[PDB]
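See structure below.
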Number of protein chains: 2
Amino acid sequence: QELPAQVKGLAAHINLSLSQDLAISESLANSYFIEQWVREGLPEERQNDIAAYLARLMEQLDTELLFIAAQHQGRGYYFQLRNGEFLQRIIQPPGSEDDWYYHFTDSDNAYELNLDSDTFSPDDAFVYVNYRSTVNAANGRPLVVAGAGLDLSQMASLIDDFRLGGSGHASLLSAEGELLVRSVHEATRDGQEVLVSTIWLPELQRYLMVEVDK
Amino acid sequence: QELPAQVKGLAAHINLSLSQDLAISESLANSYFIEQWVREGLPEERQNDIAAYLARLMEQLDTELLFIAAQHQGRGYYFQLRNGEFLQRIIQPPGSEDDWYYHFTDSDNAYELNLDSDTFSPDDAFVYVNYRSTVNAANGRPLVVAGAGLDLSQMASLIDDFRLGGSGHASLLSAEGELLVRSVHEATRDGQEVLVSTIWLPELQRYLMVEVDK
Ligand code: HPA
Ligand code: HPA
């Protein structure tokens, strides 16, 4: 049985690629310079430097979106670097699009990979690598929640990174069954039966299915 | 054959653990805030903030040593955070202990994992994760070479992280044959013959051997 051992290895490669972004999101959320910028009152004069700082990370991670959600004086600020634009806005109450923040910050999870539509551009859905800072604000919420918004097309190129025989389909599913991206048991299907192998990705908290017959 | 597939997976786990430190070393070497501190003339008043910044990384990476080698006005500065001490010195000419720097900076390699004795404490040998910055100084050398110095005892605990049956020995060798750490072919040996499996680690550029008989 070559494929089940093959699937675990290629899943580990996806896991390694995700772990890169996870480590960078962790370091960004707990960056002493970012915390200093937050406690300074988030002065706009330093925004350019912050953007360059995020740009340096964006170039290494090769992710389209980077975000920083910070708490100062009890107010939430959402920053995003994308396509060279540094956007900023105030985090909305839980009744609005920013309820993901209240959800993640109310969870004891250090990180979640939530798929959601961009609050600056509702036309684009990304998978957001929310990582919370170790330091909490005076209101109990994480002082910083920073991470990377991954373009779904990247997820497509990264699962067809390794292809068995150049054909077949690989699929990644949410824990609720929501399909996120598309490139041992016997199943029957339209256009001849196919055999399936699936494994759970811990660092992604998502399931990976891939089918090859012949 | 369970063990050869087992060895590749556990080698990938070692590779994943190393890739964490590699990504952090890359982000640190190309940190815009570090570059700004270097071009500012490396003012001593900001050293405390720099140390806290490195401390935040050291806590996440769980590596004992962090270093920053910077070029300003044609002079090399070596900084190290270890055990809460922020040490600084001037990089010595190629005839002295700092020739590793001239070697790595003369290579076109973005990173090397060189094992060497600490220049601040010659009693302790570490494996240094030298990562060079994308920006170069006016003299042609990398503006920053930053990374983590890993305690060799960590390397020991990370190879016995996963143990087949709780016994056996795992060994990691340099490309020149220098043994770095200790926890498909038939070989004979003192105290009964043993069977060996070896694989090359790309992100570590080192070979991994592990023996189990019965
Ligand atoms: O969950 C999210 N939704 C929208 N924008 C975001 N930025 C980080 N996480 C999110
Ligand atoms: O190669 C090294 N030797 C001594 N100190 C170091 N700090 C980073 N790399 C090294």
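Numbers and lists here come from the model and the stated rules, or from a named source; nothing here is a laboratory result. Here Cβ is always computed from backbone atoms with ideal geometry, including for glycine, and neighbour counts include all displayed protein chains.
Numerical summary
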| quantity | calculated |
| --- | --- |
| Residue ID - farthest from ligand 2 (Cβ to nearest atom), chosen from residues in the range B:124-143 that are more than 16 Å from the chain's Cα centre (by Cα) and not in a loop (DSSP other than H, G, I, E, B) | B:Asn136 |
| Residues of the range B:57-66 classified as more than 21 Å from A:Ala52 (Cα to Cα) and facing chain A (nearest Cβ under 9 Å), total | 3 |
| Cβ pairs under 6 Å, 6+ apart, first in the range B:66-87 and in the same structural domain as B:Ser121 (by TED's automatic domain parsing), second aromatic (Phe, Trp, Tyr) and part of a strand (DSSP E or B) | B:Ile68/B:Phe79; B:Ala69/B:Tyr78; B:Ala70/B:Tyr77; B:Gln80/B:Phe67 |
| Single condition A:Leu66 does not satisfy, out of (1) part of a helix (DSSP H, G or I); (2) of a type outside the set (S, T, N, Q); (3) closer than 17 Å to A:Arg132 by Cβ | (1) |
| Filter result (more than 14 Å from chain B (Cβ to nearest Cβ), more than 8 Å from ligand 1 (Cβ to nearest atom) and outside any loop (DSSP other than H, G, I, E, B)) within the range A:76-87 | A:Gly76, A:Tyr77, A:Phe79, A:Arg82, A:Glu85, A:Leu87 |
| Subset tally (residues that are more than 15 Å from the chain's Cα centre (by Cα), surrounded by 16 or more Cβ atoms within 10 Å (Cβ to Cβ) and not polar (S, T, N, Q)) for the range A:160-182 | 2 |
| Residue that is farthest from ligand 1 (Cβ to nearest atom) [pool: residues in the range A:88-99 that are surrounded by fewer than 16 Cβ atoms within 10 Å (Cβ to Cβ) and within 19 Å of the chain's Cα centre (by Cα)] | A:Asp99 |
| Tally of residues being charged (D, E, K, R), under 17 Å from the mean Cα position of the chain (by Cα) and within 7 Å of chain A (Cβ to nearest Cβ) across the range B:1-56 | 1 |
| Inter-residue pairs, beta-carbon under 7 Å, first more than 14 Å from chain A (Cβ to nearest Cβ) and part of a loop (DSSP other than H, G, I, E, B) and in the range B:110-123, second more than 16 Å from ligand 1 (Cβ to nearest atom) and of a type in the set (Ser, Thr, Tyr), 6+ apart | B:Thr119/B:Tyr78 |
| Flag if A:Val181 is within 16 Å of ligand 1 (Cβ to nearest atom) and either assigned to a loop (DSSP other than H, G, I, E, B) or among the β-branched types (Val, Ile, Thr) (or both) | no |
| Which numbered condition A:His103 fails, given (1) away from ligand 1 (no atom under 11 Å from the Cβ); (2) more than 14 Å from chain B (Cβ to nearest Cβ); (3) surrounded by fewer than 17 Cβ atoms within 10 Å (Cβ to Cβ); (4) not aliphatic (A, V, I, L, M) | (1) |
| In the range B:89-123, residue nearest to B:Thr63 (Cα to Cα) [restricted to those that are more than 11 Å from ligand 2 (Cβ to nearest atom) and of a type in the set (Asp, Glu)] | B:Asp123 |
| Pick from the range B:124-143, criterion surrounded by fewer than 24 Cβ atoms within 10 Å (Cβ to Cβ) and within 14 Å of chain A (Cβ to nearest Cβ), ranking: farthest from ligand 1 (Cβ to nearest atom) | B:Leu143 |
